[PDB]
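Asks: got an experimental structure here, sequence first:
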Amino acid sequence: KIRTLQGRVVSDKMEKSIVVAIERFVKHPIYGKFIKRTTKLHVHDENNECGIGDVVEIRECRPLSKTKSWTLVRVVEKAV
Amino acid sequence: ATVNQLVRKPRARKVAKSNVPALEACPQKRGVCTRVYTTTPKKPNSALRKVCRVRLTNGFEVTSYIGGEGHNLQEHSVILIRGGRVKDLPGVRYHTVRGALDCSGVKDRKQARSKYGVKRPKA
Amino acid sequence: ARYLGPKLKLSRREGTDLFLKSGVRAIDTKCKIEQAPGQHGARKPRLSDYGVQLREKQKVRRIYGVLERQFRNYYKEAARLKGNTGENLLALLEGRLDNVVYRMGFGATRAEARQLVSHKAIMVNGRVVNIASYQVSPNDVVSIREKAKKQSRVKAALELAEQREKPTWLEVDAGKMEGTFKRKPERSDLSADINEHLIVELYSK
Amino acid sequence: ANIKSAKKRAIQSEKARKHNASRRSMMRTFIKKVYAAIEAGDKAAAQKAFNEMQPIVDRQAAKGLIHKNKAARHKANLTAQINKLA
Amino acid sequence: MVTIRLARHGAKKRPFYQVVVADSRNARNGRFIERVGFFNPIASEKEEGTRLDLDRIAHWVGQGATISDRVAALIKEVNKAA
Amino acid sequence: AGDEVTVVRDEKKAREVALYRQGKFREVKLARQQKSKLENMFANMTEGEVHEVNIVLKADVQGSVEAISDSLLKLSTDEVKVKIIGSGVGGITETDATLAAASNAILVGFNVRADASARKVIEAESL
RNA sequence: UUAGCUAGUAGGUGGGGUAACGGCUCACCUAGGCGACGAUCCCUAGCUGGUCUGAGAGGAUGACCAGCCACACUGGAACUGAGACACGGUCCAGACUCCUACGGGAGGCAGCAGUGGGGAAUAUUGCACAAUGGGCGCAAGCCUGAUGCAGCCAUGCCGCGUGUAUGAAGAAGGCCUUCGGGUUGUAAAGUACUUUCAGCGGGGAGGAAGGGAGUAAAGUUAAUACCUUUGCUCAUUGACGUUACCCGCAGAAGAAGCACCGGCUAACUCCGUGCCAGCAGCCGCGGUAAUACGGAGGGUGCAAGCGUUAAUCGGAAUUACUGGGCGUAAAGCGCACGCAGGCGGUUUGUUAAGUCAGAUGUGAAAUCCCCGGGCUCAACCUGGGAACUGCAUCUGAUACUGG
């Protein structure tokens, strides 16, 4: 039972943290067009191994800071 | 037209503007008679129509019709007004409720009495 | 809650006999049956489409003694029910107790039958029912209660009844003054110069 | 207060308040002695002080003045630090 | 605690009770955990009038749910009926 | 201020009677209103006494408003005419301050206190 | 007709802190964090189940019932406690009011009644813990403006009555009329006949389960005590209440009004008035024949209501997703370049986010709908179902879209 998210690294500046963006398509409730929506998550990156632009697999965990409730599971693709 | 366009700017229904704002979504309002007078109507009609200016309990001051044949109303008369324009009298958007508060019923009415505040005649 | 005024006026306005009197008399010897009431009865109505729909609904209402509110509710129920709405409307009317009391011949008129009902002279399944609009069901047995059995209205009512066409869906024992609502009447049981679909049209627009 | 028991409750809660205050102030004192030893670098003074503190953070927990978890952290925390020095 | 009791629905002069398991503090006709029977005191008794899921009642008792005086009666009555 | 009082068995039976007395008192009110206005038999006053003063009175007690008004009509003269408008049963109110707002008048009371909603109106407009 | 916002700010280390994770807090360090996928600022607002409307998609809405939140005179605070930063607790400050022997005290109806005030407008300072449920107690019981009930108001929904039948040259009166007659009208009077409801007497369910004395049996125990459980008998517990309902008595007796009749729109004539007085939802009526004003007779539609006003949706395909338009009717920016954005030719492989399938959980109850059941029927109450067209997880499918 390993619920997980996949997204790409938009910021790697913070010490041991990263900002990840999860993008998805969604049907528009009224006009039916499929629209891009993005969800940015502050995620934990102990060891700072995640570079900007990387594609990373993340999971939900307990609060790590005022805004971090997610941590890194592993890198998928890097340095496009 | 475009879906894209509506997705940026949704259909937006126009909000209906009222014809009796002084009532503020109340069925009647109370008010004091400021002026009680007559006025002439618009093409093609011709008469001396009874109207009054009325300061309402909510501050609004409006002109109101005094329907029926004959009325005993003057300044400081406290009356009840209801919605209802007078078409050949521009500006006039309310009617006075005959037979409420200081406004008497129409004298000697037999038909449509309840629209003129007239009790049922003993008979 | 009941129409209490002159009755033949109603027949005269609708252009037909509405059976609002016993039937002892040719109706034309009691009123000018083929002329509307009033100063301008002789006048002909060049009658709008809405007009014909209204008058047909009035006709049925005036036959059964039903005012607008209850009759509209009857339409609503006919509509909700399965099958043809127009026919469902007539089933509901024809199932009323005041009506059934009339059809078994206990009352000379639906008005008289209604009075029988209201005045606790009618039982359903040996149980007293005194509300006119009580819906009667298949296999029910409606009867004149013992104390009301010697009323001369009832004997006369049963005599006239014997001279009307005899309804199929009712089994009446004139001696016992009891009778059985065998089944709901079909459409074919009821008069054919009733235009229900007009009434159905009036209430859908 | 207006109601009979409401009056009584205010009286009782004040008594309890002065009871709890007294025991609570005592307890923090004995906690503070340990942190003060630590900040002066003495194992013994700080262990000694920890031993006096132990039974009373435990007891005040049993007595509802504080929860069990609070007593534990204090013991955990001080124990961590004193060991880290000597 | 958790209790099994009657929430009074029905109409004026025609009481109809819904047997329910609930936190005893919630209002009588308010939040409940599980519905578990009903009780019509005005039933013609020609047919039914009192129905209890005794399996779930017991399950809740087994976990410490208490029981009304009136539900405790219904249960003895229904146990007698069959 | 005074009258004959009679208890009844049920209130519902006494509702129509009470409303009946209002109708008669209202009918004579409009009757006395039509006469006084038509009594002059002319569109205006024959002379220059048209200038008048208006007053607004609300007294806490019902006994006074009828009694002192009679004495208040005694001081009336041909030159200057004074009339009471909207005699109250007690205190003060929004529609009373509004009554003095339309026509300039003095607002007086035998005994009264200002309501919270009353002060706002009186303090705002000049009264 | 708001484009930039942010120093506990974003993160890191460590100490402290909480019931618990956490910039919750503090020190130090890094310089981040948010934002055109609308931050910041401004206006407004409790959210939901659902409610009203609509064929639907929508539109409007959030009383009554139920779930969550927030508040308790205003601003702030913590104390007690499992729980509160406490609706009839405490403390401070503010606004305000009451008591006082003048020195000092007291209080907070957005609990239930009730009062003043505001308003077009919204009820009694009632009865009872008998029932359900809550607090305390081993219990008996005590408390319970929760609740059950009663009062007031046609506010709405549903039911019923205000009589039934017979009654003609078809009266009198009224109204129209070419004075022949037509109409009101079987309507009335008369004749029998019924008695619901209201009135008055008589009787009388159910909402009552329990609890109390005894008794007997089991489990207990040294014990037949006590305790507890379960059977038995005896005497008892209803605020509503003059209950529902049933029987009897008297007599048609006590019970019909409101709007409309020019077209839209069911219903027409006379008299009065004369661009006046007046009507009027829209068109539009009124200067001598006005079915439109006002009265009358007649008629139409509703009926213990009927009209008028207010208000949401409908019809309105009139904000058009379903479901519209821009040459001349409202609408192509005077023209071009172009960032963001939207869209993107054709083949293979890959992926499996979109999309599709299945499984599982959840989608409170009530409401709506379907078939039944109970109150004399109906409103109403109620059993079971179906529906909640949604969300989420897992496992697949790979044509189309995306990588």
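Replies: Okay, I see it. Numbers count the residues shown, from 1 in each chain, chains lettered A, B, ... in the order given.
Asks: alpha carbons only for contacts and neighbour counts from here, please
Replies: Fine.
Asks: my read is residue F:40 is in a strand, agree?
Replies: No: per DSSP: H, G, I helix; E, B strand; the rest coil, residue F:40 lies outside any strand segment and is coil.
Asks: next up, phi/psi of residue E:23, please.
Replies: phi -60, psi 120 (degrees, to the nearest 10).
Asks: can you tell me the SS state at residue B:54?
Replies: Residue B:54 - assigned by three-state DSSP - is strand.
Asks: how many residues are close by it?
Replies: For residue B:54, the neighbour count with other CA atoms under 10 Å in any protein chain shown is 28.
Asks: so how far is residue F:53 from it?
Replies: Distance of residue B:54 to residue F:53, computed by CA to CA, to the nearest Å: 21 Å.
Asks: ok, now residue F:113?
Replies: Taking CA to CA, one finds residue F:113 at 24 Å from residue F:53.
Asks: and the helices in chain D?
Replies: Per DSSP state H, chain D carries helices over the ranges D:4-38, D:43-62, D:68-83.
Asks: which strands or helices does the last one pack on?
Replies: Right, the one you point to is helix D:68-83. With contacts defined as 3 or more CA pairs under 8 Å, 6 or more residues apart in numbering or on different chains; DSSP states H and E, helix D:68-83 has these neighbours: helix D:4-38, helix D:43-62.
Asks: on the three-state scheme, the residue nearest to the spatial centre of chain E is what?
Replies: What sits nearest the mean C-alpha location of chain E, by CA atoms, centre = their mean, is residue E:19, with 2.5 Å. Assigned with three-state DSSP, residue E:19 falls in the strand class.
Asks: is it true that it touches residue E:28?
Replies: No: with contact defined as CA atoms under 8 Å, residue E:19 does not count as touching residue E:28 (10.6 Å).
Asks: quickly list what's touching both of those two.
Replies: Residues touching both residue E:19 and residue E:28 (CA atoms under 8 Å, 6 or more residues apart in numbering or on different chains): E:6, E:7.
Asks: how about the strands in the chain?
Replies: Just going to use chain A. Secondary structure of chain A (DSSP state E): strands at A:5-11, A:17-27, A:34-44, A:55-60, A:68-77.
Asks: um, chain B though
Replies: B:28-39, B:49-56, B:61-65, B:78-83, B:94-96.
Asks: so which of these comes closest to chain F?
Replies: Among these, the nearest to chain F by CA to the nearest CA is strand B:28-39 (6.4 Å).
Asks: let me know the angle separating the closest one from strand B:61-65.
Replies: 70 degrees (axes from the mean of the first three to the mean of the last three CA atoms, to 10 degrees).
Asks: adjacent strands (with direction) for strand B:28-39?
Replies: strand B:49-56 (antiparallel), strand B:78-83 (antiparallel) (DSSP bridges).
Asks: what's near enough to touch residue C:133?
Replies: Counting by CA under 8 Å, 6+ apart, residue C:133 makes contact with C:96, C:97, C:98.
Asks: may I see the residues you listed organised as TSV, with neighbour count added?
Replies: Listed next are these as TSV, based on neighbours: other CA atoms under 10 Å in any protein chain shown:
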residue	neighbour count
C:96	20
C:97	27
C:98	32
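Asks: report the central residue of the chain.
Replies: This is for chain A. residue A:20 (3.0 Å).
Asks: um, chain D though
Replies: For chain D, residue D:27 is the residue whose C-alpha lies nearest the centre (CA atoms, centre = their mean; 3.4 Å).
Asks: likewise chain C?
Replies: Chain C, centroid-nearest residue using CA atoms, centre = their mean: residue C:64 at 3.3 Å.
Asks: next one: it from chain A, what distance?
Replies: Computed as CA to the nearest CA, to the nearest Å, the residue C:64 to chain A distance reads 51 Å.
Asks: smallest gap between chain E and chain A, at which residue?
Replies: For chain E, CA to the nearest CA, closest residue to chain A: residue E:33, 29.2 Å.
Asks: isn't that residue up against residue E:20?
Replies: Yes: Residue E:33 is within contact range of residue E:20, at 7.4 Å (criterion: CA under 8 Å).
Asks: between these two, which one's more packed in?
Replies: Comparing residue E:33 with residue E:20 by other CA under 10 Å, the one with more neighbours is residue E:20, at 23 against 12.
Asks: is the nearest residue to the more buried one once chain neighbours are set aside in a helix, a strand, or coil?
Replies: Spatial nearest neighbour of residue E:20, chain neighbours left out: residue E:35 (4.6 Å); criterion: CA to CA, 6 or more residues apart in numbering or on different chains. Of the three states, residue E:35 takes strand under three-state DSSP.
Asks: and residue E:35, what is it in contact with?
Replies: With contact taken as CA under 8 Å, 6+ apart, residue E:35 is in contact with E:18, E:19, E:20, E:21.
Asks: of all the residues you listed, which comes closest to chain B?
Replies: Nearest to chain B among the contacts of residue E:35, counting by CA to the nearest CA, is residue E:18 at 42.9 Å.
Asks: for that closest one, name its beta-bridge partners.
Replies: residue E:7, residue E:38.
Asks: which residue ranges form the helices in chain C?
Replies: Residue ranges of the helices in chain C, as given by DSSP H, are C:8-14, C:49-64, C:68-80, C:85-94, C:97-103, C:110-118, C:152-163, C:196-202.
Asks: just say which of those is most tucked in.
Replies: The highest average neighbour count among the helices of chain C, using mean count of other CA atoms under 10 Å in any protein chain shown, belongs to helix C:97-103 at a mean of 27.
Asks: contacts for it next, please.
Replies: Under CA under 8 Å, 6+ apart, the answer for helix C:97-103 is C:64, C:93-94, C:107-114, C:117, C:131-136, C:142, C:161, C:167, C:170, C:181.
Asks: format the helices of chain D as a markdown table; extra columns: distance to residue C:198.
Replies: Shown next, in a markdown table, are those (distance: least, CA to CA, whole Å):
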| stretch | distance to residue C:198 |
| --- | --- |
| helix D:4-38 | 74 |
| helix D:43-62 | 86 |
| helix D:68-83 | 82 |
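Asks: which among the ones you listed is found nearest to residue F:57?
Replies: For residue F:57, the closest of the helices of chain D is helix D:4-38, at 48.1 Å, according to CA to CA.
Asks: and the closest one, what's buried?
Replies: D:20, D:30, D:31, D:33, D:34, D:35, D:37, D:38 (16 or more other CA atoms under 10 Å in any protein chain shown).
Asks: okay, the angle between that helix and helix D:68-83?
Replies: 10 degrees.
Asks: quick one, longest helix in chain E?
Replies: Looking across chain E with DSSP H, the single longest helix is helix E:69-81.
Asks: burial measure for residue C:119, as a count.
Replies: 13.
Asks: residue E:56 versus that one, what's the distance?
Replies: 52 Å.
Asks: one more: residue C:168?
Replies: Going from residue C:168 to residue E:56 by CA to CA gives 55 Å.
Asks: give the contact list for residue 59.
Replies: Let's take chain A. Counting by CA under 8 Å, 6+ apart, residue A:59 makes contact with A:3, A:4, A:5, A:70, A:71, A:72, A:73.
Asks: tell me the bridge partners for the fourth one.
Replies: Pointing back at residue A:70 there. According to DSSP bridges, the partner residues bridging residue A:70 are residue A:43, residue A:60.
Asks: isn't it right next to residue A:46, touching?
Replies: No: Residue A:70 lies out of contact with residue A:46 (CA under 8 Å); the separation is 11.7 Å.
Asks: who has more neighbours out of these two?
Replies: Taking other CA under 10 Å, residue A:70 and residue A:46 do not tie; residue A:70 has more neighbours (23 against 13).
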